>>> print(open('data34.pdb').read())   # PDB, C-alpha atoms
ATOM      1  CA  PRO P   5     -31.564 -38.675  56.128
ATOM      2  CA  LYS P   6     -30.682 -35.484  54.216
ATOM      3  CA  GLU P   7     -32.730 -36.525  51.156
ATOM      4  CA  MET P   8     -35.962 -37.234  53.026
ATOM      5  CA  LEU P   9     -35.506 -33.988  54.987
ATOM      6  CA  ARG P  10     -35.098 -31.934  51.757
ATOM      7  CA  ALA P  11     -38.187 -33.675  50.318
ATOM      8  CA  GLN P  12     -40.092 -32.773  53.526
ATOM      9  CA  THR P  13     -38.766 -29.181  53.645
ATOM     10  CA  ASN P  14     -39.835 -28.806  49.973
ATOM     11  CA  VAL P  15     -43.368 -29.924  50.786
ATOM     12  CA  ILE P  16     -43.658 -27.534  53.785
ATOM     13  CA  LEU P  17     -42.268 -24.514  51.924
ATOM     14  CA  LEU P  18     -44.667 -25.051  49.002
ATOM     15  CA  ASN P  19     -47.596 -25.327  51.393
ATOM     16  CA  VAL P  20     -46.611 -22.128  53.231
ATOM     17  CA  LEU P  21     -46.524 -20.253  49.866
ATOM     18  CA  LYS P  22     -49.760 -21.878  48.677
ATOM     19  CA  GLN P  23     -51.346 -20.169  51.766
ATOM     20  CA  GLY P  24     -49.843 -16.747  50.944
ATOM     21  CA  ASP P  25     -46.795 -14.967  49.525
ATOM     22  CA  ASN P  26     -44.250 -14.853  52.258
ATOM     23  CA  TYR P  27     -40.669 -13.798  53.075
ATOM     24  CA  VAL P  28     -37.861 -16.020  54.452
ATOM     25  CA  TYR P  29     -37.860 -14.907  58.128
ATOM     26  CA  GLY P  30     -41.662 -15.102  58.261
ATOM     27  CA  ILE P  31     -41.676 -18.597  56.670
ATOM     28  CA  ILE P  32     -39.100 -19.979  59.131
ATOM     29  CA  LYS P  33     -40.925 -18.459  62.141
ATOM     30  CA  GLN P  34     -44.409 -19.707  61.127
ATOM     31  CA  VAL P  35     -43.098 -23.210  60.290
ATOM     32  CA  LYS P  36     -41.426 -23.371  63.734
ATOM     33  CA  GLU P  37     -44.665 -22.207  65.420
ATOM     34  CA  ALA P  38     -46.867 -24.604  63.418
ATOM     35  CA  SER P  39     -44.567 -27.537  64.273
ATOM     36  CA  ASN P  40     -44.931 -27.012  68.045
ATOM     37  CA  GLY P  41     -41.453 -25.437  68.023
ATOM     38  CA  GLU P  42     -39.797 -28.564  66.608
ATOM     39  CA  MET P  43     -38.936 -27.870  62.968
ATOM     40  CA  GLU P  44     -36.421 -25.007  62.844
ATOM     41  CA  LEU P  45     -35.704 -24.519  59.144
ATOM     42  CA  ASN P  46     -32.236 -23.345  58.222
ATOM     43  CA  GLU P  47     -32.146 -20.174  56.112
ATOM     44  CA  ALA P  48     -29.288 -21.348  53.833
ATOM     45  CA  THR P  49     -31.265 -24.553  53.189
ATOM     46  CA  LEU P  50     -34.295 -22.542  52.057
ATOM     47  CA  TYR P  51     -32.096 -20.606  49.586
ATOM     48  CA  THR P  52     -30.760 -23.856  48.128
ATOM     49  CA  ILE P  53     -34.365 -25.031  47.639
ATOM     50  CA  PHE P  54     -35.691 -21.695  46.349
ATOM     51  CA  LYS P  55     -32.902 -21.488  43.779
ATOM     52  CA  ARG P  56     -34.044 -24.836  42.292
ATOM     53  CA  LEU P  57     -37.765 -23.954  42.597
ATOM     54  CA  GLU P  58     -37.379 -20.633  40.780
ATOM     55  CA  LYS P  59     -35.238 -22.224  38.012
ATOM     56  CA  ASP P  60     -38.063 -24.744  37.528
ATOM     57  CA  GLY P  61     -40.675 -21.902  37.520
ATOM     58  CA  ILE P  62     -42.412 -23.205  40.645
ATOM     59  CA  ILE P  63     -41.884 -20.018  42.653
ATOM     60  CA  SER P  64     -40.896 -16.444  41.831
ATOM     61  CA  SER P  65     -39.846 -13.481  43.944
ATOM     62  CA  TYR P  66     -40.449  -9.759  44.041
ATOM     63  CA  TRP P  67     -40.045  -6.717  46.273
ATOM     64  CA  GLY P  68     -42.769  -5.836  48.773
ATOM     65  CA  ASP P  69     -42.703  -2.198  49.921
ATOM     66  CA  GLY P  74     -36.560  -1.612  53.925
ATOM     67  CA  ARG P  75     -38.501  -3.704  51.420
ATOM     68  CA  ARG P  76     -38.837  -7.430  52.156
ATOM     69  CA  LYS P  77     -38.214  -9.950  49.384
ATOM     70  CA  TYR P  78     -41.420 -11.929  48.915
ATOM     71  CA  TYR P  79     -41.663 -15.366  47.376
ATOM     72  CA  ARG P  80     -44.868 -16.532  45.713
ATOM     73  CA  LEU P  81     -46.111 -19.852  44.334
ATOM     74  CA  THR P  82     -46.484 -19.544  40.520
ATOM     75  CA  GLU P  83     -49.467 -20.756  38.437
ATOM     76  CA  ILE P  84     -47.333 -23.783  37.540
ATOM     77  CA  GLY P  85     -46.474 -24.247  41.255
ATOM     78  CA  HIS P  86     -50.192 -24.235  42.037
ATOM     79  CA  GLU P  87     -50.917 -26.731  39.248
ATOM     80  CA  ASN P  88     -48.082 -29.000  40.381
ATOM     81  CA  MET P  89     -49.379 -29.161  43.969
ATOM     82  CA  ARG P  90     -52.864 -30.070  42.715
ATOM     83  CA  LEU P  91     -51.296 -32.903  40.649
ATOM     84  CA  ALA P  92     -49.172 -34.010  43.612
ATOM     85  CA  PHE P  93     -52.111 -34.005  46.017
ATOM     86  CA  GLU P  94     -54.245 -36.165  43.704
ATOM     87  CA  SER P  95     -51.488 -38.676  42.831
ATOM     88  CA  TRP P  96     -50.256 -39.030  46.457
ATOM     89  CA  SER P  97     -53.868 -39.503  47.547
ATOM     90  CA  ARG P  98     -54.022 -42.512  45.193
ATOM     91  CA  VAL P  99     -50.747 -43.835  46.640
ATOM     92  CA  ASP P 100     -52.287 -43.670  50.153
ATOM     93  CA  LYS P 101     -55.324 -45.724  49.020
ATOM     94  CA  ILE P 102     -52.998 -48.404  47.563
ATOM     95  CA  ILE P 103     -51.099 -48.532  50.878
ATOM     96  CA  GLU P 104     -54.400 -48.762  52.796
ATOM     97  CA  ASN P 105     -55.411 -51.783  50.651
ATOM     98  CA  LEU P 106     -51.985 -53.417  51.130
ATOM     99  CA  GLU P 107     -51.932 -52.911  54.914
ATOM    100  CA  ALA P 108     -55.555 -53.973  55.430
ATOM    101  CA  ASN P 109     -55.512 -52.721  59.056
TER     102      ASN P 109
ATOM    103  CA  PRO Z   5     -43.379 -35.590  36.412
ATOM    104  CA  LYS Z   6     -40.787 -38.399  36.302
ATOM    105  CA  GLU Z   7     -39.304 -37.420  39.691
ATOM    106  CA  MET Z   8     -42.584 -37.428  41.612
ATOM    107  CA  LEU Z   9     -43.526 -40.727  39.933
ATOM    108  CA  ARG Z  10     -40.212 -42.371  40.996
ATOM    109  CA  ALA Z  11     -40.740 -41.029  44.541
ATOM    110  CA  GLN Z  12     -44.272 -42.530  44.498
ATOM    111  CA  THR Z  13     -43.153 -45.852  42.955
ATOM    112  CA  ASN Z  14     -40.441 -46.047  45.671
ATOM    113  CA  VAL Z  15     -43.022 -45.601  48.416
ATOM    114  CA  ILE Z  16     -45.356 -48.280  46.945
ATOM    115  CA  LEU Z  17     -42.592 -50.843  46.388
ATOM    116  CA  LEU Z  18     -41.315 -50.430  49.962
ATOM    117  CA  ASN Z  19     -44.827 -50.863  51.320
ATOM    118  CA  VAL Z  20     -45.416 -54.018  49.252
ATOM    119  CA  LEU Z  21     -42.170 -55.526  50.677
ATOM    120  CA  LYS Z  22     -42.965 -54.345  54.212
ATOM    121  CA  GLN Z  23     -46.110 -56.575  53.877
ATOM    122  CA  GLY Z  24     -44.122 -59.613  52.666
ATOM    123  CA  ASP Z  25     -41.145 -60.729  50.579
ATOM    124  CA  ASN Z  26     -42.257 -60.685  47.012
ATOM    125  CA  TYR Z  27     -41.068 -61.215  43.419
ATOM    126  CA  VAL Z  28     -41.268 -58.706  40.524
ATOM    127  CA  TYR Z  29     -44.254 -60.147  38.585
ATOM    128  CA  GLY Z  30     -46.227 -60.588  41.813
ATOM    129  CA  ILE Z  31     -45.433 -57.007  42.950
ATOM    130  CA  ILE Z  32     -46.541 -55.464  39.635
ATOM    131  CA  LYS Z  33     -49.763 -57.540  39.563
ATOM    132  CA  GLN Z  34     -50.767 -56.785  43.188
ATOM    133  CA  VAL Z  35     -49.987 -53.053  42.809
ATOM    134  CA  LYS Z  36     -52.178 -52.948  39.666
ATOM    135  CA  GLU Z  37     -54.997 -54.779  41.507
ATOM    136  CA  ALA Z  38     -54.721 -52.595  44.629
ATOM    137  CA  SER Z  39     -54.830 -49.420  42.500
ATOM    138  CA  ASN Z  40     -58.170 -50.353  40.883
ATOM    139  CA  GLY Z  41     -56.222 -51.331  37.747
ATOM    140  CA  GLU Z  42     -54.717 -47.855  37.322
ATOM    141  CA  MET Z  43     -51.054 -48.051  38.329
ATOM    142  CA  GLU Z  44     -49.272 -50.441  35.952
ATOM    143  CA  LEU Z  45     -45.660 -50.453  37.132
ATOM    144  CA  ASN Z  46     -43.008 -50.953  34.493
ATOM    145  CA  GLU Z  47     -40.629 -53.853  35.166
ATOM    146  CA  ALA Z  48     -37.483 -52.018  33.951
ATOM    147  CA  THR Z  49     -38.400 -49.131  36.280
ATOM    148  CA  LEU Z  50     -38.554 -51.493  39.264
ATOM    149  CA  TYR Z  51     -35.052 -52.801  38.417
ATOM    150  CA  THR Z  52     -33.683 -49.253  38.301
ATOM    151  CA  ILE Z  53     -35.186 -48.640  41.763
ATOM    152  CA  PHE Z  54     -34.167 -52.010  43.232
ATOM    153  CA  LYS Z  55     -30.579 -51.516  42.090
ATOM    154  CA  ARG Z  56     -30.392 -48.273  44.133
ATOM    155  CA  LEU Z  57     -32.300 -49.774  47.104
ATOM    156  CA  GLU Z  58     -30.008 -52.800  47.362
ATOM    157  CA  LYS Z  59     -26.853 -50.627  47.048
ATOM    158  CA  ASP Z  60     -28.204 -48.567  49.962
ATOM    159  CA  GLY Z  61     -28.989 -51.782  51.947
ATOM    160  CA  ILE Z  62     -32.729 -51.082  52.010
ATOM    161  CA  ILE Z  63     -33.686 -54.316  50.252
ATOM    162  CA  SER Z  64     -31.920 -57.587  49.471
ATOM    163  CA  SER Z  65     -32.754 -60.526  47.232
ATOM    164  CA  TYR Z  66     -32.520 -64.289  47.351
ATOM    165  CA  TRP Z  67     -33.754 -67.422  45.601
ATOM    166  CA  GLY Z  68     -37.073 -68.969  46.618
ATOM    167  CA  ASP Z  69     -37.438 -72.639  45.644
ATOM    168  CA  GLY Z  74     -37.841 -72.594  38.299
ATOM    169  CA  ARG Z  75     -36.955 -70.618  41.419
ATOM    170  CA  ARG Z  76     -38.359 -67.083  41.695
ATOM    171  CA  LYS Z  77     -36.082 -64.244  42.779
ATOM    172  CA  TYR Z  78     -37.541 -62.779  45.963
ATOM    173  CA  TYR Z  79     -36.891 -59.296  47.265
ATOM    174  CA  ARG Z  80     -37.189 -58.517  50.967
ATOM    175  CA  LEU Z  81     -37.138 -55.328  53.041
ATOM    176  CA  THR Z  82     -33.981 -55.329  55.234
ATOM    177  CA  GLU Z  83     -33.817 -54.428  58.957
ATOM    178  CA  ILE Z  84     -32.513 -51.022  57.853
ATOM    179  CA  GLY Z  85     -35.376 -50.778  55.305
ATOM    180  CA  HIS Z  86     -37.835 -51.471  58.117
ATOM    181  CA  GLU Z  87     -36.187 -48.873  60.369
ATOM    182  CA  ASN Z  88     -36.171 -46.290  57.577
ATOM    183  CA  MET Z  89     -39.912 -46.684  56.922
ATOM    184  CA  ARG Z  90     -40.655 -46.240  60.636
ATOM    185  CA  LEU Z  91     -38.582 -43.007  60.583
ATOM    186  CA  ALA Z  92     -40.295 -41.854  57.380
ATOM    187  CA  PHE Z  93     -43.779 -42.566  58.714
ATOM    188  CA  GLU Z  94     -43.163 -40.573  61.911
ATOM    189  CA  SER Z  95     -41.496 -37.575  60.209
ATOM    190  CA  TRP Z  96     -44.085 -37.371  57.373
ATOM    191  CA  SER Z  97     -46.837 -37.598  59.987
ATOM    192  CA  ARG Z  98     -45.374 -34.445  61.578
ATOM    193  CA  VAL Z  99     -45.262 -32.749  58.160
ATOM    194  CA  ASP Z 100     -49.003 -33.495  57.721
ATOM    195  CA  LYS Z 101     -49.821 -31.866  61.097
ATOM    196  CA  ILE Z 102     -47.884 -28.717  60.074
ATOM    197  CA  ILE Z 103     -49.849 -28.596  56.797
ATOM    198  CA  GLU Z 104     -53.126 -29.090  58.707
ATOM    199  CA  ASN Z 105     -52.255 -26.084  60.934
ATOM    200  CA  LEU Z 106     -51.288 -23.967  57.898
ATOM    201  CA  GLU Z 107     -54.441 -24.814  55.918
ATOM    202  CA  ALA Z 108     -56.799 -24.411  58.884
ATOM    203  CA  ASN Z 109     -59.699 -25.977  56.920
TER     204      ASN Z 109
END
>>> encode(input="data34.pdb", output="structure tokens")
Amino acid sequence: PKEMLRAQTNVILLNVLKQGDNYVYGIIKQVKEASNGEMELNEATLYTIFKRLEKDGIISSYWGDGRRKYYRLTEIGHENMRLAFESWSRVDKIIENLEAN
Amino acid sequence: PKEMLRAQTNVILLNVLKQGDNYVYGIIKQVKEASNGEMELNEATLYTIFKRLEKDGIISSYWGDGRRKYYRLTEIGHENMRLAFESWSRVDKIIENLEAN
């Protein structure tokens, strides 16, 4: 539902930034393109998410020379994704063992 | 941190149940075994999670003939995992496009 979607939108946004600092319009457009035109992120939703991410020091913003407002993944954001990737990888292995397909 | 761990524990618990109705001790033991002895789930933590899952109609419990208390994934729980699997699969494809490794 809404929760799973926010969790998914979080993951996508962090991955876009991990690839390069980016601005809102650009992020939305590239996510739509990379999803075969299926995932059309809502701008207000991104702001909700960014507000939480910047409070938690995961992302920061700055002006890029009108000027565009760029968002960037912080050093903490980078570290957190590395942790997430390793821990979720372990979860996948557990599931693989349990399913025994 | 705590949040990501709860999200991960949720995913593992649902997958264990998807494979078969199971009781707390059994779940903890099998998860530890399937994780190479690394993930030792805390019993109180499972109860916190189960309480939320049964309120949301994702899991239910019943007596198995002392009797063990079995937990089972509901029809809704099953449907939700199918939805989750398909949507997260799409998220992975987006990430694959973005990373272009």
>>> residues_near_point(input="data34.pdb", point="(-34.6, -47.6, 52.1)", cutoff="6 Å", atoms="only C-alpha atoms", output="list in words")
residues 57, 62, 85 and 88 of chain Z
>>> write_last_selection(input="data34.pdb", atoms="C-alpha atoms", output="PDB file, in the frame of the given file")
ATOM      1  CA  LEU Z  57     -32.300 -49.774  47.104  1.00  0.00           C
ATOM      2  CA  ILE Z  62     -32.729 -51.082  52.010  1.00  0.00           C
ATOM      3  CA  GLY Z  85     -35.376 -50.778  55.305  1.00  0.00           C
ATOM      4  CA  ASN Z  88     -36.171 -46.290  57.577  1.00  0.00           C
TER       5      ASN Z  88
END
>>> residues_near_point(input="data34.pdb", point="(-33.2, -25.2, 61.0)", cutoff="12 Å", atoms="all atoms listed in the file", output="NGL selection string")
:P and (9-10 or 13 or 29 or 31-33 or 35-36 or 41-50)
>>> resolve_selection(input="data34.pdb", expression="the PyMOL selection byres ((chain P) within 12 of (chain Z))", output="PyMOL selection string")
chain P and resi 5-24+31+34-43+87-89+91-109
>>> residues_around(input="data34.pdb", residues="range 68-77 of chain P", least_positions_apart="6", cutoff="10 Å", atoms="only C-alpha atoms", output="PyMOL selection string")
chain P and resi 25-29
>>> atom_distance(input="data34.pdb", atom1="CA of residue 90 in chain P", atom2="CA of residue 60 in chain P")
16.6 Å
>>> atom_distance(input="data34.pdb", atom1="CA of residue 84 in chain Z", atom2="CA of residue 61 in chain Z")
6.9 Å
>>> atom_distance(input="data34.pdb", atom1="CA of residue 78 in chain Z", atom2="CA of residue 54 in chain Z")
11.6 Å
>>> axis_aligned_box(input="data34.pdb", around="range 31-41 of chain P", padding_each_side="3 Å", output="AutoDock Vina command-line options")
--center_x -43.0 --center_y -23.0 --center_z 62.4 --size_x 13.8 --size_y 15.1 --size_z 17.4
>>> residues_around(input="data34.pdb", residues="residue 63 in chain P", least_positions_apart="6", cutoff="6 Å", atoms="all atoms listed in the file", output="VMD selection string")
chain P and resid 57 80 to 82
